[PDB]
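In what follows, a single structure is set out as structure tokens and then discussed.
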Amino acid sequence: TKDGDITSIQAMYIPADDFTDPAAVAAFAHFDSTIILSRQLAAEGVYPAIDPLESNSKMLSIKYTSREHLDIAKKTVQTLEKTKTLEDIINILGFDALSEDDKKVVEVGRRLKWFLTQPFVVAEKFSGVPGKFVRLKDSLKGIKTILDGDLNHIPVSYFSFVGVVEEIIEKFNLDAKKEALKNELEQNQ
Amino acid sequence: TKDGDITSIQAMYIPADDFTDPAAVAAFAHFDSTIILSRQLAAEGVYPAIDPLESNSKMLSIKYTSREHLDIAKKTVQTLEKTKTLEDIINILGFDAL
Amino acid sequence: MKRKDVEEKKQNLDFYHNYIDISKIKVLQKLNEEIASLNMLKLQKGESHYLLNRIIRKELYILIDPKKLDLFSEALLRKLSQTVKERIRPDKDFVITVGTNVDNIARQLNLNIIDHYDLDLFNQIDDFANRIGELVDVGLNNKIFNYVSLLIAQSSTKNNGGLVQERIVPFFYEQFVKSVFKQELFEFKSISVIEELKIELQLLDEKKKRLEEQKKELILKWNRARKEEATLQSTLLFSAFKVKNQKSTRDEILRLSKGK
Amino acid sequence: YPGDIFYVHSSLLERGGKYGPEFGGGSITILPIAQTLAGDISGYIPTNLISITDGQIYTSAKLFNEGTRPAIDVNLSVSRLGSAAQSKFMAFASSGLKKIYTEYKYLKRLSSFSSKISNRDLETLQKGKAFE
Amino acid sequence: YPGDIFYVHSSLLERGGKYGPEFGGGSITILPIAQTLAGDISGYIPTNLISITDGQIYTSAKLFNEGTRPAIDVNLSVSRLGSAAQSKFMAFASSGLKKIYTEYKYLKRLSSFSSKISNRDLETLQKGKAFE
């Protein structure tokens with residue numbers, strides 16, 4: 001209302017995992033968004049374990065959200081789906097059974113998948129690494145930058161558990177400088 | 001009791017082989033040994049047509065039987081299960097494939 | 001939707017699950033046979049090389065489409081299209097295409113299609129090898145082409161998934177050289193069959209996984225449906241009892257309302 | 001169904017049997033018919049009637065589709081009486097028919113998947129086809 | 001079942017726990033037992049009880065038939081307390097064993113071809129069997 005905003009985030013747990021249950025059906029009729037956590041994603045080490053394909057949000061429409069945000073979201077989701085399909089192909093055929101387009105799609109999908117992980121401020125009292133609060137602008141800009149494959153050279157292991165996208169480039173360049181120094185010192189012996 | 005023993009041997013009919021029927025679930029709460037008969041095994045001409053793999057007894061332990069009896073029973077059940085597994089291979093690929 | 005039908009479906013799924021293991025055993029045995037034969041073929045090819053040595057750029061690219069059409073075959077076909085677009089020129093190279101897919105690929109690239117065949121010809125090695133040997137002898141006598149290679153849209157384990165390929169040429173003179181060509185073609189077909197058998201084993205494992213997932217889904221649906229039906233039946237049965245005792249409830253309500 | 005739906009059928013069907021000479025000396029043979037829905041023999045009335053009778057002859061819709069006439073399911077049908085209800089010549093003539101039919105059915109079901117069969121398998125197939 | 005079957009069990013099992021020094025200072029640990037039918041975890045009362053306790057130990061009939069005693073399925077069993085319920089020495093000792101057990105099961109069920117990755121294959125096939 002004009003007085004303010006009351007936002008609600010409601011946790012639902014249906015015993016026996018039945019989402020056609022009348023309680024689940026009744027509650028889903030009011031949800032404007034869903035955050036679905038995946039056990040497979042947690043097993044792979046993706047934290048938070050939010051599934052970006054099974055979940056949905058009604059705010060990804062033209063009535064509210066800007067066109068570029070919708071384009072970025074759609075491209076990210078379809079790239080993740082194609083990457084999953086190509087990884088299923090890879091696990092049987094092998095990596096070098098794809099063309100260059102498929103390999104680029106796989107690389108972009110992997111970097112998108114590991115870019116979505118993030119450390120939490122509320123969990124830094126037993127993990128050491130400080131948490132992050134990435135603004136929407138930074139998230140959109142970094143996802144757009146990764147989408148075009150502008151960082152496909154940077155190893156995938158650098159992407160995990162980071163905030164803004166620029167920290168990836170900083171870490172990569174620092175490691176490259178240290179490796180260059182070690183190579184120069186290795187040639188001096 | 002000190003006066004003697006009362007042993008019971010009770011026959012049950014399982015409707016449509018539905019072992020989760022409430023009558024069967026009530027009955028298994030009291031059975032000390034279950035002997036399960038098979039219509040396929042009877043149709044093969046095998047009598048008394050008792051299924052050795054499905055049936056089990058709580059008295060086939062070391063508290064009541066010897067080491068030799070337990071070893072023989074375990075080896076017999078293992079051999080019967082293994083030959084049951086291998087019979088399908090024999091039927092499909094032939095007895096030479098073993 | 002009765003428990004009998006669910007039991008029948010689950011027994012069919014379990015039978016299929018066992019049969020897939022049996023198929024794995026059979027495929028492994030056939031793979032062992034194929035490898036044993038291929039070792040002898042390799043030794044025979046080496047001996048034939050030695051005996052030919054005792055008795056002694058236009059390329060004919062030959063492409064072969066995969067056995068079936070699925071996601072793996074489509075990916076391999078697009079990789080083959082990339083490779084052909086890379087290392088084939090329409091002026092200095094001639095392409096022999098068997099199967100609709102590679103024929104369409106060549107026609108789209110407008111390469112020099114000398115002749116077209118049918119995929120079933122590859123099923124029997126003798127006829128395909130004989131026709132290819134006659135064609136290459138005709139081409140070499142006329143000096144149309146120099147090098148000969150074979151491409152099949154099929155993954156290979158030794159290449160980390162790369163397409164199977166080998167340049168046979170280069171490496172009664174005519175009879176000996178023809179026999180060497182035939183032995184080379186036989187070896188290539190045997191290698192293709194070996195890789196196909198390994199892929200088939202992995203596909204069998206995938207099929208077993210799919211069967212287990214189907215069984216889980218069927219269990220879920222049966223449980224939900226039976227719960228719903230049982231609850232409805234119990235409520236409808238109690239409806240009669242609660243209807244038949246309305247007067248006692250109304251009289252109790254009256255006498256409680258009056259009370260003291 | 002009412003509470004005594006089992007009683008009204010058991011008391012009706014137990015009136016049939018063979019009687020001694022002092023009590024009539026006759027016999028009554030009963031052939032009740034029961035309908036199942038999609039093969040579900042787990043219904044209440046089919047279960048009661050199976051519990052009461054001495055044997056069951058099952059008719060299968062799958063066997064009807066396959067072309068069998070009559071489409072009697074031998075593997076499901078049971079007759080508790082057995083050769084006791086047969087003449088001596090008939091009992092001698094039909095000693096091991098059920099076993100042959102069972103083996104033939106198993107082999108025929110697996111024939112669509114198997115590739116190699118022994119000579120005993122060929123003779124079993126011949127005998128089963130002749131029996132059908 | 002009646003309409004308040006969940007309340008009957010929740011108000012019963014919520015009386016256990018650890019209490020403060022001013023309110024008794026002791027504890028009550030509860031180990032309720034529940035029976036399933038042919039592995040059906042999705043039953044009414046079993047799923048009511050799972051959603052009340054702090055984890056479950058699931059006993060498998062397949063392991064019992066195979067001869068494993070105690071027949072406890074590690075994959076389907078949970079303990080929500082985790083290392084918080086273990087002593088420091090036990091938490092240090094048993095750190096990361098469930099992951100190794102699941103990896104060993106995954107490898108065992110999917111060995112497939114005889115091709116071996118590295119010595120790590122023998123490492124897993126050794127430590128997993130030692131754990132078993």
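Ordering of the structure tokens sets the chain letters (A, B, ...), residue numbers begin anew at 1 in every chain, and ligands are numbered from 1 in the order given.
Residues of region 4-64 of chain E carrying a DSSP assignment of strand (DSSP E), computed from the backbone, are residues 17, 18, 27, 28, 55, 56, 57, 58 and 59 of chain E.
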Q.
Would you pick out the contacts of region 114-129 of chain D at 12 Å or less, using only C-alpha atoms, so that residues sharing its chain but fewer than 3 positions from it are not included, and give the list as a VMD selection string?
A. (chain B and resid 88 to 97) or (chain C and resid 19 22 to 23 26) or (chain D and resid 96 to 111 132)
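Copies chain D and chain E share one sequence; their C-alpha RMSD after superposition is 1.3 Å.
Look at region 36-45 of chain B: the protein and nucleic acid residues within 6 Å of it, using only C-alpha atoms and passing over chain neighbours fewer than 5 places away, are residues 50, 51 and 55 of chain B; 99 of chain D.
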Q | For residue 77 (chain E): contacts at 8 Å, only C-alpha atoms, fewer than 6 positions along chain excluded, given as a PyMOL selection string | A | chain E and resi 55-58
(Q) Excluding region 30-39 of chain A and its own-chain neighbours fewer than 2 positions away, which residues fall within 6 Å of it when counting only C-alpha atoms? Please give them as a ChimeraX atom specification. (A) /A:27-28,41-42,49-51,55-58
Q.
Within 12 Å of chain C, which residues belong to chain E? Use only C-alpha atoms and report them as a list in words.
A.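 The complete set of qualifying residues is residues 1, 2, 3, 38, 39, 40, 41, 42, 43, 44, 109, 110, 111, 112, 113, 114 and 115 of chain E.
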Keeping N, CA, C and O atoms for every residue in the selection just given, could you write it to a file as a PDB file, in the first residue's frame?
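The result, stored in out_5.pdb:
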ATOM      1  N   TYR E   1      -7.321 -43.179  10.006  1.00  0.00           N
ATOM      2  CA  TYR E   1      -6.829 -42.600  11.241  1.00  0.00           C
ATOM      3  C   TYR E   1      -7.650 -41.364  11.597  1.00  0.00           C
ATOM      4  O   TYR E   1      -8.265 -40.748  10.727  1.00  0.00           O
ATOM      5  N   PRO E   2      -7.690 -40.990  12.874  1.00  0.00           N
ATOM      6  CA  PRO E   2      -8.382 -39.754  13.255  1.00  0.00           C
ATOM      7  C   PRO E   2      -7.701 -38.530  12.658  1.00  0.00           C
ATOM      8  O   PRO E   2      -6.610 -38.595  12.087  1.00  0.00           O
ATOM      9  N   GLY E   3      -8.373 -37.386  12.797  1.00  0.00           N
ATOM     10  CA  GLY E   3      -7.898 -36.169  12.165  1.00  0.00           C
ATOM     11  C   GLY E   3      -6.682 -35.553  12.823  1.00  0.00           C
ATOM     12  O   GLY E   3      -5.964 -34.786  12.175  1.00  0.00           O
ATOM     13  N   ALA E  38       7.227 -53.052   2.711  1.00  0.00           N
ATOM     14  CA  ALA E  38       7.979 -53.253   1.471  1.00  0.00           C
ATOM     15  C   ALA E  38       8.755 -51.999   1.070  1.00  0.00           C
ATOM     16  O   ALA E  38       8.856 -51.661  -0.111  1.00  0.00           O
ATOM     17  N   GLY E  39       9.315 -51.306   2.057  1.00  0.00           N
ATOM     18  CA  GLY E  39      10.120 -50.135   1.784  1.00  0.00           C
ATOM     19  C   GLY E  39       9.353 -48.852   1.567  1.00  0.00           C
ATOM     20  O   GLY E  39       9.970 -47.831   1.243  1.00  0.00           O
ATOM     21  N   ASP E  40       8.033 -48.863   1.742  1.00  0.00           N
ATOM     22  CA  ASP E  40       7.223 -47.680   1.478  1.00  0.00           C
ATOM     23  C   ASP E  40       7.415 -46.631   2.564  1.00  0.00           C
ATOM     24  O   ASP E  40       6.669 -46.595   3.548  1.00  0.00           O
ATOM     25  N   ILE E  41       8.423 -45.772   2.389  1.00  0.00           N
ATOM     26  CA  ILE E  41       8.658 -44.675   3.322  1.00  0.00           C
ATOM     27  C   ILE E  41       7.519 -43.663   3.271  1.00  0.00           C
ATOM     28  O   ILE E  41       7.225 -42.996   4.270  1.00  0.00           O
ATOM     29  N   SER E  42       6.829 -43.564   2.136  1.00  0.00           N
ATOM     30  CA  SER E  42       5.812 -42.543   1.926  1.00  0.00           C
ATOM     31  C   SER E  42       4.493 -42.848   2.628  1.00  0.00           C
ATOM     32  O   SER E  42       3.479 -42.222   2.297  1.00  0.00           O
ATOM     33  N   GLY E  43       4.470 -43.784   3.573  1.00  0.00           N
ATOM     34  CA  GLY E  43       3.260 -44.033   4.325  1.00  0.00           C
ATOM     35  C   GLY E  43       2.887 -42.860   5.210  1.00  0.00           C
ATOM     36  O   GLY E  43       3.686 -41.963   5.475  1.00  0.00           O
ATOM     37  N   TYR E  44       1.635 -42.867   5.667  1.00  0.00           N
ATOM     38  CA  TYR E  44       1.122 -41.749   6.455  1.00  0.00           C
ATOM     39  C   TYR E  44       1.901 -41.595   7.757  1.00  0.00           C
ATOM     40  O   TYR E  44       2.548 -40.569   7.991  1.00  0.00           O
ATOM     41  N   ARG E 109      28.796 -49.633  -8.452  1.00  0.00           N
ATOM     42  CA  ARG E 109      27.644 -49.847  -9.317  1.00  0.00           C
ATOM     43  C   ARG E 109      27.901 -49.442 -10.763  1.00  0.00           C
ATOM     44  O   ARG E 109      27.085 -49.767 -11.632  1.00  0.00           O
ATOM     45  N   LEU E 110      29.004 -48.749 -11.044  1.00  0.00           N
ATOM     46  CA  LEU E 110      29.289 -48.232 -12.379  1.00  0.00           C
ATOM     47  C   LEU E 110      30.754 -48.445 -12.737  1.00  0.00           C
ATOM     48  O   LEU E 110      31.421 -47.545 -13.256  1.00  0.00           O
ATOM     49  N   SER E 111      31.281 -49.639 -12.456  1.00  0.00           N
ATOM     50  CA  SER E 111      32.629 -49.967 -12.909  1.00  0.00           C
ATOM     51  C   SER E 111      32.695 -50.055 -14.429  1.00  0.00           C
ATOM     52  O   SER E 111      33.644 -49.554 -15.044  1.00  0.00           O
ATOM     53  N   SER E 112      31.696 -50.687 -15.046  1.00  0.00           N
ATOM     54  CA  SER E 112      31.548 -50.762 -16.504  1.00  0.00           C
ATOM     55  C   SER E 112      32.779 -51.449 -17.083  1.00  0.00           C
ATOM     56  O   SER E 112      33.027 -52.618 -16.740  1.00  0.00           O
ATOM     57  N   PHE E 113      33.561 -50.797 -17.939  1.00  0.00           N
ATOM     58  CA  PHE E 113      34.669 -51.456 -18.609  1.00  0.00           C
ATOM     59  C   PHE E 113      35.812 -51.727 -17.632  1.00  0.00           C
ATOM     60  O   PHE E 113      35.889 -51.155 -16.542  1.00  0.00           O
ATOM     61  N   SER E 114      36.711 -52.624 -18.045  1.00  0.00           N
ATOM     62  CA  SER E 114      37.867 -52.980 -17.232  1.00  0.00           C
ATOM     63  C   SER E 114      38.930 -51.891 -17.201  1.00  0.00           C
ATOM     64  O   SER E 114      39.885 -52.008 -16.425  1.00  0.00           O
ATOM     65  N   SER E 115      38.798 -50.852 -18.025  1.00  0.00           N
ATOM     66  CA  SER E 115      39.750 -49.749 -18.006  1.00  0.00           C
ATOM     67  C   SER E 115      39.753 -49.069 -16.644  1.00  0.00           C
ATOM     68  O   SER E 115      38.696 -48.779 -16.077  1.00  0.00           O
TER      69      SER E 115
END
**Q.** Residues of chain B within 9 Å of chain E, only C-alpha atoms counted, as a ChimeraX atom specification
**A.** /B:19-20,25
